[PDB]
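> Chains A, B, C and D supply the protein sequences, listed in that same order.
Quick note on numbering: the entry's author numbering labels position 144 of the first sequence as 145, and the sequence is numbered without any gaps.
Quick note on numbering: the entry's author numbering labels position 7 of the second sequence as 8, and the sequence is numbered without any gaps.
Quick note on numbering: the entry's author numbering labels position 94 of the third sequence as 95, and the sequence is numbered without any gaps.
Quick note on numbering: the entry's author numbering labels position 169 of the fourth sequence as 170, and the sequence is numbered without any gaps.
Just so it is clear, CB atoms sit at the ideal spot from N, CA and C, and this is done for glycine as well.
4 protein chains.
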Amino acid sequence: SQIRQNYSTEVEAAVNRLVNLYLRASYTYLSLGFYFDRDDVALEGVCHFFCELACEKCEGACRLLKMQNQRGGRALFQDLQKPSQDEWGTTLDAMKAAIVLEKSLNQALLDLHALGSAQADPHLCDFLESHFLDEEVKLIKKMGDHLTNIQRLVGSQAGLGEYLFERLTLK
Amino acid sequence: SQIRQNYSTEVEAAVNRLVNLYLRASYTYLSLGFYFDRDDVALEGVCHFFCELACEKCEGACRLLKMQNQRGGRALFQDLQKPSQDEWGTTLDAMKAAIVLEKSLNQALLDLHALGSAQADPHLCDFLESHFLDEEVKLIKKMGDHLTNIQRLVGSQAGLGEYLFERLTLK
Amino acid sequence: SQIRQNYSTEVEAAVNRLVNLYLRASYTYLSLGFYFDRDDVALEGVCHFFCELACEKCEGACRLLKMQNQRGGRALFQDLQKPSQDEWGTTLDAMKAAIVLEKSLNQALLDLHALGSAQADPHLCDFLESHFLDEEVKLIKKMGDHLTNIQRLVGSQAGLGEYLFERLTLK
Amino acid sequence: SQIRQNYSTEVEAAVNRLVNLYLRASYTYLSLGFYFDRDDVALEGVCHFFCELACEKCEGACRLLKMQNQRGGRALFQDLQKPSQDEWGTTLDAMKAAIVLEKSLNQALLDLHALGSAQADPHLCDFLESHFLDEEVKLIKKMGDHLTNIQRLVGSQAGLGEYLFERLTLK
Ligand SMILES: [Au+]
Ligand SMILES: [Au+]
Ligand SMILES: [Au+]
Ligand SMILES: [Au+]
Ligand SMILES: [Au+]
Ligand SMILES: [Au+]
Ligand SMILES: [Au+]
Ligand SMILES: [Au+]
Ligand SMILES: [Au+]
Ligand SMILES: [Au+]
Ligand SMILES: [Au+]
Ligand SMILES: [Au+]
Ligand SMILES: [Au+]
Ligand SMILES: [Au+]
Ligand SMILES: [Au+]
Ligand SMILES: [Au+]
Ligand SMILES: [Au+]
Ligand SMILES: [Au+]
Ligand SMILES: [Au+]
Ligand SMILES: [Au+]
Ligand SMILES: [Au+]
Ligand SMILES: [Au+]
Ligand SMILES: [Au+]
Ligand SMILES: [Au+]
Ligand SMILES: [Au+]
Ligand SMILES: [Au+]
Ligand SMILES: [Au+]
Ligand SMILES: [Au+]
Ligand SMILES: [Au+]
Ligand SMILES: [Au+]
Ligand SMILES: [Au+]
Ligand SMILES: [Au+]
Ligand SMILES: [Au+]
Ligand SMILES: [Au+]
Ligand SMILES: [Au+]
Ligand SMILES: [Au+]
Ligand SMILES: [Au+]
Ligand SMILES: [Au+]
Ligand SMILES: [Au+]
Ligand SMILES: [Au+]
Ligand SMILES: [Au+]
Ligand SMILES: [Au+]
Ligand SMILES: [Au+]
Ligand SMILES: [Au+]
Ligand SMILES: [Au+]
Ligand SMILES: [Au+]
Ligand SMILES: [Au+]
Ligand SMILES: [Au+]
Ligand SMILES: [Cl-]
Ligand SMILES: [Cl-]
Ligand SMILES: [Cl-]
Ligand SMILES: [Cl-]
Ligand code: NA
Ligand code: NA
Ligand code: NA
Ligand code: NA
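1) On the criterion of 16 or more Cβ atoms from any shown chain inside 10 Å, does D/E88 qualify as buried, or is it exposed?
2) Kindly list, in the order they appear in chain B, the residues whose Cβ is closer than 9 Å to that of C/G73.
3) Tell whether a beta-carbon distance below 9 Å holds between C/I151 and C/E103.
4) With 16 other CB atoms within 10 Å as the buried threshold, where does residue 189 of chain C fall?
5) Would you please verify whether the beta carbon of A/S9 is less than 9 Å from any beta carbon of chain C?
6) Let me know the beta strand (DSSP E) ranges lying completely inside the region 78-164 of chain B, each 3 residues or longer, listed in chain order.
7) Tell me the DSSP secondary structure of A/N7 in three-state form.
8) For a test of your reading of the model: does the CB of D/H132 fall under 8 Å from any non-hydrogen atom of ligand 44? Yes or no.
9) Could you have a look at A/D41 and say whether DSSP puts it in helix, strand or coil?
10) Taking 8 Å as the cut-off, is the CB of B/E137 close to at least one heavy atom of ligand 31?
11) Counting contacts by CB-CB distance shorter than 9 Å, is C/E13 in contact with chain A?
12) Using a Cβ-Cβ distance under 9 Å, would B/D135 count as near chain D?
13) DSSP three-state call for D/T29: helix, strand or coil?
14) Compare the C-beta of B/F78 with all C-beta atoms of chain C and state if any pair is closer than 9 Å.
15) Pick helix, strand or coil for D/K67, following the three-state DSSP scheme.
16) Should A/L171 be listed as close to ligand 3, given that the test is whether its C-beta is under 8 Å from any heavy atom?
17) Can you round the beta-carbon distance between A/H49 and A/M96 to whole angstroms, since I take them to be within the 8 Å contact cut?
18) C/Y23 CB to nearest chain D CB: under 9 Å?
19) Taking contact to mean at least 3 C-beta pairs separated by less than 8 Å, is the region 75-95 of chain C in contact with the region 55-62 of chain C?
20) Closest by CA to B/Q71, which one among D/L169, D/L171, D/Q158, D/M144?
21) Can you look up D/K58 in the DSSP assignment and give me helix, strand or coil?
22) Nearest CA to the CA of C/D38: which residue from C/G90, C/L24, C/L19, C/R153?
23) When the distance is taken between beta carbons, is B/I4 closer than 9 Å to D/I100?
24) Looking only at C-alpha atoms, which of C/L31, C/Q79, C/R75, C/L116 sits nearest to B/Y28?
25) For chain B, find out if any of its Cβ atoms is closer than 9 Å to the Cβ of C/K58; answer yes or no.
26) Within 9 Å of any Cβ in chain B, is that where the Cβ of C/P123 sits?
27) If we cut at 9 Å on Cβ distances, does A/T92 have a partner in chain C?
28) Determine, for A/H114, whether the minimum Cβ-Cβ distance to residues of chain C falls below 9 Å.
29) Can you name, in chain order, every residue of its own chain whose Cβ lies under 7 Å from the Cβ of B/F166, other than the five neighbours on each side?
30) For A/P123, count neighbouring C-beta atoms within 10 Å of its own C-beta (all shown protein chains included) and say buried if the count is 16 or more, exposed if not.
31) By DSSP, does D/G46 sit in helix, in strand, or in coil?
32) Whose C-beta lies closer than 8 Å to the C-beta of D/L19 among residues of the same chain, with five residues either side of it excluded?
33) Do you know how far the Cα of D/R25 is from the Cα of D/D41?
34) Using C-beta distances below 8 Å, list every residue in its chain close to C/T170, excluding the 5 sequence neighbours before and after it, in chain order.
35) If you measure from the CB of D/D41, is any heavy atom of ligand 37 nearer than 8 Å?
36) Is the beta carbon of C/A62 less than 9 Å from the beta carbon of C/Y23?
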């Protein structure tokens, strides 16, 4: 490569894996969003929340690909694994699955920082800081806030709570 | 002092103590507001209500300091005691703590009027009338209204009531 | 905590201490600002400079608290120590006290970076970079510039110099 | 009188005396303002400051007269004594004379509150609160601030200080 400078093969491979995780997360959120659009589930605000996350994870993948090319790395695409469930249960079940997924992305980001730090690659570290580390923390906080409100609303009338959360928080 | 006129040392000291109470109230409301921002509490409207009160109590302290200087008194700052709790329980527990705090400020204001009246200091009495006595009564009425609505919403489904109050009153 | 990830108890405690330092700095600047509003000191531009810094340090504390909650840490408030003086002397004395205070905050920020680096916490390091390290350097440079101009203006006519600095720099 | 109610002859007389003090203060400020317009004094900002105060004291007299008529009292005008000096010395001498005059008005206002309180006349007390007590405190604070700045500027070059104060504060 004519442009590549201070860009380890280890970072290049890790960036390709992270693209694959972001795209699988996008696909998962696509599945979650259509599940909540089913006529027998019918929680529009839950569909909107997950379809917006599908878009944000795709954007994360696009950003990582653009950065791979800017550094002289080579994008390599793998199979995208189907999402872990076909049916996602309650809003609560789905928001718990989403926070597990987000913590796994966050761990992949922290693991890529550790690799970039070991490889002395400050451009990579700046890239993760600028577009990923804070966005992921902000999203996990919001999902935690959602899980607390959903859990509060379960009590004894679970249908009522699920309706009210969708109507008054996911508006 | 070249400007001081009809301004008792007793009033001067009482004004400094009242600044300390308003600043401690501001600090308490800061603590209450961040408690309701915790991911395991997550009541945004409750956070907004208390952070707005932190701002209003700071404004009260600033007004008292400005008046101290206008009369030729000397501002003296003491330690600000940490708030009375680290964790504030339910919205109900927190609004009860806030109305106790407000009644204690109101009593300090009435005590300062009594001192100003005994010292024949009509400028002080006009100052309290203009910026404090009515604002405190209006705030305590609002907190009473809130406590009545929260209490009505407890019934048997406490989580549901706490969510609905935050969503539909503290909007 | 449902959200906490890669957030050391050591960082959590250090963040709470830093909130306490920012709030004590805010309180110090409140004291400095009202001292310069005294009828026997009467330097309006000096009052405005310090009251603006009281606001900026409070903002620093609020930002640190918001970040504590975003990471799943728990805000813990301590007593706020009264400022180090009741009377602050000349503009020069006050700007020297302010630069000592600012260097002590800056050292606390650098100490928190060192802890975050030792704990491999890149989100913390990004947070300090984004809202604190450059703001503190920019402020200390401005205070140095002020101290140089004040020192130049002392010569033999100290009252004249103090008036002119307040009128023509702190405008 | 068809309208008079709860309006003591003692208050009525005190209001007429206070009109006479406000008008004499207006006349004094007229004298001060023209002195600073003399070609051999020539401090335009000092002239503007005192002529504005002549206008404000006249407004005070007009307000007291309007209130006398609203209560069914009878305005009685006396001779207006010429001002205490023909020549007013330095800006410092003049601002010292102005703060003495203002403290004497303020004492007359406090004395009228004491009389109104003894006569159980809450309308009078509200009138003084609304238009006089705070305005007088705010003015005496400003004059104190001015005296501090003038005193700072004397040092060894009194002409230079007097010029700079007029140019940069009384702008
Ligand atoms: Au959807
Ligand atoms: Au949707
Ligand atoms: Au969709
Ligand atoms: Au996409
Ligand atoms: Au996309
Ligand atoms: Au994409
Ligand atoms: Au794309
Ligand atoms: Au890194
Ligand atoms: Au790095
Ligand atoms: Au969520
Ligand atoms: Au959610
Ligand atoms: Au949401
Ligand atoms: Au808040
Ligand atoms: Au809030
Ligand atoms: Au807040
Ligand atoms: Au404040
Ligand atoms: Au404030
Ligand atoms: Au304040
Ligand atoms: Au303030
Ligand atoms: Au009173
Ligand atoms: Au009074
Ligand atoms: Au309330
Ligand atoms: Au409330
Ligand atoms: Au409310
Ligand atoms: Au100030
Ligand atoms: Au100021
Ligand atoms: Au201020
Ligand atoms: Au603040
Ligand atoms: Au603030
Ligand atoms: Au703050
Ligand atoms: Au704040
Ligand atoms: Au760091
Ligand atoms: Au770090
Ligand atoms: Au400075
Ligand atoms: Au400065
Ligand atoms: Au400046
Ligand atoms: Au004039
Ligand atoms: Au004039
Ligand atoms: Au004039
Ligand atoms: Au007039
Ligand atoms: Au007039
Ligand atoms: Au008049
Ligand atoms: Au008139
Ligand atoms: Au009165
Ligand atoms: Au009265
Ligand atoms: Au003045
Ligand atoms: Au003056
Ligand atoms: Au002035
Ligand atoms: Cl599979
Ligand atoms: Cl304590
Ligand atoms: Cl101490
Ligand atoms: Cl005479
Ligand atoms: Na290199
Ligand atoms: Na008096
Ligand atoms: Na971790
Ligand atoms: Na009567």
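Looking at the coordinates:
1) exposed
2) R39, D40, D41
3) no
4) Since the first residue of chain C shown is 2 and the last is 172, residue 189 of chain C is not available in this structure.
5) no
6) none
7) coil
8) no
9) coil
10) no
11) no
12) no
13) helix
14) yes
15) helix
16) no
17) That belief does not hold up - the Cβ atoms of A/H49 and A/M96 are roughly 14 Å apart, past 8 Å.
18) no
19) no
20) D/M144
21) helix
22) C/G90
23) yes
24) C/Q79
25) no
26) no
27) no
28) yes
29) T92, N150, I151, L154
30) exposed
31) helix
32) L65, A109, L110, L113
33) 26 Å
34) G46, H147, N150
35) no
36) yes
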